[PDB]
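Here is the structure we will look at, set down as structure tokens.
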Amino acid sequence: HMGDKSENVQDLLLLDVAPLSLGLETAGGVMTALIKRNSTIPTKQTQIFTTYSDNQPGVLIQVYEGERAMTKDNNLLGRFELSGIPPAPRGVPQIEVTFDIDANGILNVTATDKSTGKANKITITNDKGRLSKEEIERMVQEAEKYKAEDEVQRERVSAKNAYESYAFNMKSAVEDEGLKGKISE
């Protein structure tokens, strides 16, 4: 035992360098990349995403490739979510995502619920060589170049804690209550 009865011995070559970055978005709608371009192996990334309210039936993972602050200018790879528990606003705002990169070029992303031991794994692969260098060449430059546009969304994110600095005058307006007695038994 512990010696593999079924060992997978196969020949293959990878791209060496990761095309683009990979990650999810957190509170404020800002992307946070775990794995970055030009970094494939050996490395393993894991991050806990926490937003205001996820209200998910477990954990949600939107697998998009690229790098930006805006999630709109990236390229979707796929989607998978773990639905095992009733969608709750509180209790499940922690998206636990761990990317286990296999030396064979297999992206094994493991997601786990915080309420119960519900784990979900999916094999993300880019095995099919069909990614022209022009794709990554333009994106590596444009995504960075358009970070100037990312600054505009970062603005409203920074405005969150800035608005938090706004102190209100009163707590609540005291409404006029009517206290009289009309004898009508």
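Sequential numbering from 1, following the chain as shown.
Heads up, the Cβ atoms here are built off N, Cα and C, so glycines get one too.
Marked as region 'Substrate-binding domain (SBD)' by Swiss-Prot: 15-130.
Sequence-distant neighbours of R90 (omega-N-methylarginine) (same chain, 6+ residues apart, CB-CB distance under 8 A): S53. Here Swiss-Prot flags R90 as omega-N-methylarginine.
Under DSSP, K182 (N6,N6,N6-trimethyllysine) is assigned to coil, being neither helix nor strand in the three-state scheme. Long-range Cβ proximity for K182 (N6,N6,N6-trimethyllysine), meaning a same-chain Cβ under 8 A and a gap of 6 or more residues, is found for none. The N6,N6,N6-trimethyllysine annotation in Swiss-Prot covers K182 and rests on experimental evidence.
Residues or ranges marked as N6,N6-dimethyllysine in Swiss-Prot (evidence: a large-scale study or a structure entry): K182.
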Inset, instruction - Take the region 'Substrate-binding domain (SBD)' (15-130) and count its residues per DSSP category (helix H/G/I, strand E/B, coil), listing them in that order. - result: 3 helix, 56 strand, 57 coil
